[PDB]
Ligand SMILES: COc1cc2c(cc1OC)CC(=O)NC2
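Just the one chain here, the form solved without this ligand, laid out as structure tokens.
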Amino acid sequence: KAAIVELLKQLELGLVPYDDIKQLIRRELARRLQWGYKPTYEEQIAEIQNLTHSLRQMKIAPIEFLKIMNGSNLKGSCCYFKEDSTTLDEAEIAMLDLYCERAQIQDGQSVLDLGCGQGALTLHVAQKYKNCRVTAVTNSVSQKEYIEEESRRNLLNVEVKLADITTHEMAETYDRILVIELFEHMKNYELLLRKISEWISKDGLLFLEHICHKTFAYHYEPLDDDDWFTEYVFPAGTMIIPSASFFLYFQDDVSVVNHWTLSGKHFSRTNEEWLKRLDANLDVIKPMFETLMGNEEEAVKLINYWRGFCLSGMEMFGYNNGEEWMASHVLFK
């Protein structure tokens, strides 16, 4: 631990060259892989069954910064880079268009954005389809505030609900429900999918994007006492990392209609772009953090928090040419 604590202190202060940080991240990822893979497909399949059965015993459960690091859509999730020259702003729009296509959004439908973030998707379909009725759901006051203000822009077809989702109930029915990278923060997917399914009209569809590993699934919990990486961005226990196949195991109340995966290079590049915008803008970010926080030290730590955020995303999803950790798209009916 003390070696871990010393590295962590060095990272907080920004004293480690990026090349060294990536090298150390890869060491941990290599170990995750050896831990994740099994010598036998029987074991590999059994491990998924262990995780899904125990999940079934559980319960479900600053804007000037974002405008700098994110593209102009404020999409705080995976973007889509066809072509080497694709920019972040193009990659946001492409990913957003991809959701519309795969989730089969059509002009006069009621659309639900479950876990809307901030809220690139709801604003995107609301503007593209003036006869859609779009509902965004979030448990953040700040986010609800922003999407409401941004909805003008003269958008009359946007509604935001401030709710927990874990505990939330409602009478309403939607033709299309979109969940982009929400489930990683949930646990009992059986109960979650059951709630959401009551919100889907009979001929409606649920579209889900989640991060994953192509073969194994796990609690994002540190591997052992010197896995400094698993808790470098998130506190342990807050996230799960599904396999590409994971939600094929949760079809009690919905039924899989299509399944795609996208290479980890996309999310890797996404983070890369975020990091470039961060490092190219410390001139305004540092004072901003200094004001928001109390002092210089805490502002310097916050900066390197965001660095580690991006670097984690870069190396993890870019590992082995994006052919280990990736994105999965699932359409249910």
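We number the residues from 1 along the sequence you see.
The form deposited with this ligand bound is left out here; the points below concern that form.
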Here the chain appears without its partner; judged in the bound PDB entry, the stretch of 196-204, 231-239, 80-88, 127-135 with heavy atoms within 4.5 Å of this ligand is 231-239
Partner-contacting position among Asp175, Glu181, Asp253, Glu150 - heavy atom within 4.5 Å of this ligand in the bound PDB entry | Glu181
Does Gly313 make contact with this ligand in the bound PDB entry, using a 4.5 Å heavy atom cut-off?
-> yes
Any chance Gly76 has a heavy atom within 4.5 Å of this ligand in the bound PDB entry?
-> yes
So in the bound PDB entry, does any heavy atom of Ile211 sit within 4.5 Å of this ligand?
-> yes
Should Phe309 be counted as a contact of this ligand in the bound PDB entry, where contact means heavy atoms within 4.5 Å?
-> yes
